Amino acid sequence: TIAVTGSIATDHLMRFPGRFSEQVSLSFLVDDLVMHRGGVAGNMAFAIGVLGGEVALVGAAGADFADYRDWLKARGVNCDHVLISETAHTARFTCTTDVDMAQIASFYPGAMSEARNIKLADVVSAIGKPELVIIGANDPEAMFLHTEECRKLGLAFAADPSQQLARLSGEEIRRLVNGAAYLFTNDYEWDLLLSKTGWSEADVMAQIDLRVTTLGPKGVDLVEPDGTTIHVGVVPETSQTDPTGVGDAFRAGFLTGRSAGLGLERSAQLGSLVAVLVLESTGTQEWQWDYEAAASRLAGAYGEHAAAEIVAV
């Protein structure tokens, strides 16, 4: 029922056992190199499926996507509407993370550029109207066209530009916001969005139903247009390792909770749990779902009643 649009990628994740704060010819001797499934839509679809949601992945990959497809389908993700390029290869994200969880990365779009040829009308015709479509980081034209299709067909959507906010222009960003049921960013991305669009906090809130702003170690804010604000602190980490995909994980947990009928605070607590589980894994989809560990850490952070309510659904 949730249609996740955005990048599908292979992540090449490396660990630099030093600090980027020190330091043109930058060279980092890394002590770990692993290749994992990635892309924001891949990550969010994977998490929603693992959590038991009904989710369809809508993006563009290369012909190398068969194993990824099996991996996602095994966890309930509908991959029928993944466009497979006959010529391009699946996008490649390459990232080096340092001791302080800082990151230096490159992204090669490849097949992602063909997402602009996807029509959400076909997905609707094939599996009904989605209850929510996530307009995630993607081919910029695909992001715009997907948002426009949502506006035209009456589909509720979540604006989730994250990684692509730096590459989109102010007008391109303004075109992605109006009418969104949700706006997802981190706090840096929130400030950058405001600065690039020229909009004020109020200008933005007048156009959306809810602003969700993640705050890294300080948790997340959920802000309604009338100023009503819920702050949810983190599920504190105990073995953080790589911050790649943490935002995707939070969005997936949160939206799965909402789809299950939980309130904003409870859904955000679930999102916080999934986010820390990703933070404590290298790959974005390398985390494991343990019901008991989930209940325990949720209870430790938010209370037994909150944990019980969350794990019930």
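Residue positions are given as counts along the sequence shown, with the first one as 1.
- When the mean C-alpha temperature factors of 179 to 187 and 118 to 126 are read from the deposited coordinates, 118 to 126 comes out higher.
- Taking the mean C-alpha B-factor of each stretch as recorded, 168 to 176 and 225 to 233 are not equal, and the higher mean is that of 168 to 176.
- Reading the B-factor column for the CA atoms of 265, 248, 280, 54 in the entry, the top value corresponds to 54.
- Between the residues 87, 213, 239, 96, it is 87 that shows the highest Cα B-factor in the PDB record.
- When all modelled residues of the chain are sorted by CA temperature factor, residue 13 is found within the lowest third.
- Among all modelled residues in this chain, the alpha-carbon of residue 63 has a temperature factor (C-alpha) in the highest third.
- The PDB entry assigns residue 27 a C-alpha temperature factor belonging to the middle third of its chain's modelled residues.
- Ranked against the other modelled residues of its chain, the C-alpha B-factor of residue 69 as given in the entry falls in the highest third.
- Ranked within its chain, residue 3 lands in the middle third, by CA B factor from the PDB record.
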